[PDB]
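J.: begin with these chain(s), straight out of the complex:
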Amino acid sequence: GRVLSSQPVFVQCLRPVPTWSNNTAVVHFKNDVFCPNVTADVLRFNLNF
């Protein structure tokens, strides 16, 4: 079916982690270094775990 919802899909800033390089970083919610000024609510950490 279909449904309405308030979902987190407003992608401010996409940070593609490469598979090979270094699977370790930090992510700040408020004003990180990889994204200039902005502050988000969720980190959707998308993966094939």
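T.: Received the coordinates, thanks. Numbering: from 1, shown residues only, chains lettered A, B, ... in the order given.

J.: what is the neighbour count of residue A:33?
T.: Residue A:33 is flanked by 9 other residues according to other CB atoms under 10 Å. To be clear about C-beta, it is placed using only N, CA and C from the backbone, and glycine gets the same treatment.

J.: got a list of what residue A:12 touches?
T.: By CB atoms under 8 Å, 6 or more residues apart in numbering, the contact list for residue A:12 reads A:35, A:38, A:40.

J.: repeat that for 10 Å
T.: A:35, A:38, A:39, A:40, A:41 (CB atoms under 10 Å, 6 or more residues apart in numbering).

J.: how is it assigned, secondary-structure-wise?
T.: The three-state assignment at residue A:12 reads coil, by DSSP: H, G, I helix; E, B strand; the rest coil.

J.: that one and residue A:1, how far apart?
T.: Counting by CB to CB, to the nearest Å, the gap between residue A:12 and residue A:1 amounts to 29 Å.

J.: now do residue A:37
T.: 39 Å.

J.: thinking again about what came up before, of the contacts of residue A:12, grab the buried ones for ChimeraX.
T.: Here is the ChimeraX command that selects the buried residues among those (16 or more other CB atoms under 10 Å):
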select /A:40
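
J.: possible to save the contacts of residue A:12 as JSON lines with distance to residue A:20?
T.: Putting these into JSON lines (distance: CB to CB, whole Å) gives the following:
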{"residue": "A:35", "distance to residue A:20": "23"}
{"residue": "A:38", "distance to residue A:20": "28"}
{"residue": "A:39", "distance to residue A:20": "30"}
{"residue": "A:40", "distance to residue A:20": "27"}
{"residue": "A:41", "distance to residue A:20": "30"}
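
J.: now for chain B, put it on the one above:
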Amino acid sequence: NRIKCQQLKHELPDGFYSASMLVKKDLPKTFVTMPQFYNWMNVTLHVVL
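T.: Same chains as before, plus chain B:
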């Protein structure tokens, strides 16, 4: 799009659709009462552990 999200359809038939706007967020307040001579108290709840 707000009409479409209220209609649950990606395409609308042409016609008349009751639409409005989300109003605002910040509004200046307004408080009117019967005029009275001011007698204002200041009671605080104080918890010390």
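
J.: the contacts of residue A:12 again please, chain B included this time.
T.: With CB atoms under 10 Å, 6 or more residues apart in numbering or on different chains as the criterion, the residues that contact residue A:12 are A:35, A:38, A:39, A:40, A:41.

J.: kindly recompute the last result at 7 Å.
T.: When the contact criterion is CB atoms under 7 Å, 6 or more residues apart in numbering or on different chains, the partners of residue A:12 are A:35, A:38, A:40.

J.: residue B:4 is in what secondary structure piece?
T.: According to DSSP states H and E, residue B:4 maps onto helix B:2-7.

J.: contacts for that helix?
T.: Under the contact criterion CB under 7 Å, 6+ apart, helix B:2-7 has outside partners A:4, B:10, B:12, B:17, B:19.

J.: closest to residue A:24 among those?
T.: For those, the minimum distance to residue A:24 (CB to CB) is 38.2 Å, reached by residue A:4.

J.: what's that closest one in contact with, if anything?
T.: Residue A:4 is in contact with residue B:5, counting by CB under 7 Å, 6+ apart.

J.: can we see that at 10 Å?
T.: Contact criterion CB under 10 Å, 6+ apart gives B:5, B:6, B:8 as the residues in contact with residue A:4.

J.: repeat that for residue A:11.
T.: Residues near residue A:11 by CB under 10 Å, 6+ apart: A:40, A:44.

J.: in a markdown table, list the contacts of residue A:4 along with neighbour count and distance to residue A:25.
T.: Converted to a markdown table, the contacts of residue A:4 look like this (neighbours: other CB atoms under 10 Å in any protein chain shown; distance: CB to CB, whole Å):
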| residue | neighbour count | distance to residue A:25 |
| --- | --- | --- |
| B:5 | 9 | 36 |
| B:6 | 12 | 41 |
| B:8 | 10 | 40 |
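
J.: then add chain C to what we have above:
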Amino acid sequence: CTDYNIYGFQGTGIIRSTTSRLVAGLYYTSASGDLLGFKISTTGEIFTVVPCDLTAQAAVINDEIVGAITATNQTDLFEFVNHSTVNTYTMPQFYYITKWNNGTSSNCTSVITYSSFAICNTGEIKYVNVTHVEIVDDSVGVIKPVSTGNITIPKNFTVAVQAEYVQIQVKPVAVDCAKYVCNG
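T.: Placing chain C onto the earlier chains gives this:
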């Protein structure tokens, strides 16, 4: 558009000032318990509460909001997402807002109809008058109660197909009474 708190009543709207005097109590409610107006006590003037966002009746033709049968004026419905020539007309009973200039459109293909006002493709509202016919009759098969005069008898003919729909069945539903009020 403010947020009021007037004598215990509460809500949002637009407050104006008027020149009309009523010899009565403090405020004036509707039939639904909403504020319509109220009287300042220190003076005599009364004010009027109007809600901030009235409804509208926006008309869409093919994935585009053409115009809005609105009531106020400059309600937006056209403006922006990031970051025009938005006209405003005046019907007898409502305003009307569409970015088309009352110049030389003179062509629009599809209409959305209502009682005396149909809105065509380029925002142009036409006034729907009553359909004029030659004679309110289809002069064959009916009674022809005229003789011995200069009568008019039809010579040539053509056909015209007019389709109708008639609904003859509904899908029946058998409802168990006992299962529904308690699932076993």
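
J.: same question on the contacts of residue A:12, but with chain C included?
T.: Taking CB under 10 Å, 6+ apart as the contact definition, residue A:12 lies against A:35, A:38, A:39, A:40, A:41.

J.: residue C:82 now?
T.: Taking CB under 10 Å, 6+ apart as the definition of contact, residue C:82 has no neighbours.

J.: quick one: it from residue B:2, how far?
T.: Separation of residue C:82 from residue B:2 (CB to CB) stands at 17 Å.

J.: can you check residue C:170 too?
T.: Following CB to CB, the distance that separates residue C:170 from residue B:2 is 34 Å.

J.: please apply the same query to residue C:56.
T.: Using CB to CB, one gets 12 Å for the distance from residue C:56 to residue B:2.

J.: next structured bit after the helix holding residue B:4?
T.: Read in the C-terminal direction, the helix or strand following helix B:2-7 is strand B:15-16, with elements assigned using DSSP H and E.

J.: what does that next one contact?
T.: Residues from elsewhere that reach strand B:15-16 (CB under 10 Å, 6+ apart): C:57, C:58, C:59, C:60, C:61, C:68, C:69, C:112, C:113, C:114, C:119.

J.: will you turn these into a markdown table that also has secondary structure and distance to chain B?
T.: Shown next, in a markdown table, are the contacts of strand B:15-16 (DSSP: H, G, I helix; E, B strand; the rest coil; distance: CB to the nearest CB, whole Å):
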| residue | secondary structure | distance to chain B |
| --- | --- | --- |
| C:57 | strand | 5 |
| C:58 | strand | 5 |
| C:59 | strand | 6 |
| C:60 | strand | 6 |
| C:61 | coil | 5 |
| C:68 | strand | 8 |
| C:69 | strand | 7 |
| C:112 | strand | 6 |
| C:113 | coil | 9 |
| C:114 | coil | 7 |
| C:119 | strand | 9 |
